[PDB]
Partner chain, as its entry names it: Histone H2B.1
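A single chain comes next, written as structure tokens; it is the form solved without the partner chain.
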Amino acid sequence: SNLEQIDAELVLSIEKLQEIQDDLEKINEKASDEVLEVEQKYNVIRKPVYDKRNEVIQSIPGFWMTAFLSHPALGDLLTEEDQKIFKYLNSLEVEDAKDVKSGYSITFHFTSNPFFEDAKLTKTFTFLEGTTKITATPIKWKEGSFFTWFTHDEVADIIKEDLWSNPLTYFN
């Protein structure tokens, strides 16, 4: 009687619920794709602004080193010899992957210097299951430390979200 109908309804309702979650999964995937496309679009928009900013910074001889040193979290990470190398740092760069979700890289651009041969040291973060893999430029030291960073990465997030976003508020 009523018990059989409730029983049958219960079996049916579990299946319909699996259908509803499948619908919700596809809706959540469309929405997070759409949020991602907005961020991809605005990385396009910001790119020439970051370029102009890099151009202006060429006129301020120790800008990036100075902003990095004035940042409360980052500044105390430069041992005194690190700061002599940082004298040759002339540009920092952060770029998301084209699709955003799959990572980004951080690059320290170095002028010609006696410590190492590289013009740039890059640390890359790839991740697309929650996990992430890191790669870094193996430093081509010359014959004659914060630089251990080039091998849960809080220095990366500070650089990416604070210093890279507005280094001027630490420079000022």
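Residue numbers count along the first chain shown, from 1.
Keep in mind that the form deposited with the partner chain bound is not shown, yet the notes after this line are about it.
Enquirer: Report yes if all three of 12, 15 and 18 come within 4.5 Å of the partner chain in the entry with it bound by some heavy atom, otherwise no.
Expert: All three within 4.5 Å in the entry with it bound.
Enquirer: Can you say which of 102-110, 22-30, 115-123, 131-139 gets within 4.5 Å of the partner chain in the entry with it bound, counting heavy atoms only?
Expert: Correct option: 22-30.
Enquirer: Looking at the partner chain in the entry with it bound, which residues in 63-93 have at least one heavy atom within 4.5 Å of it?
Expert: The stretch does not touch the partner at all.
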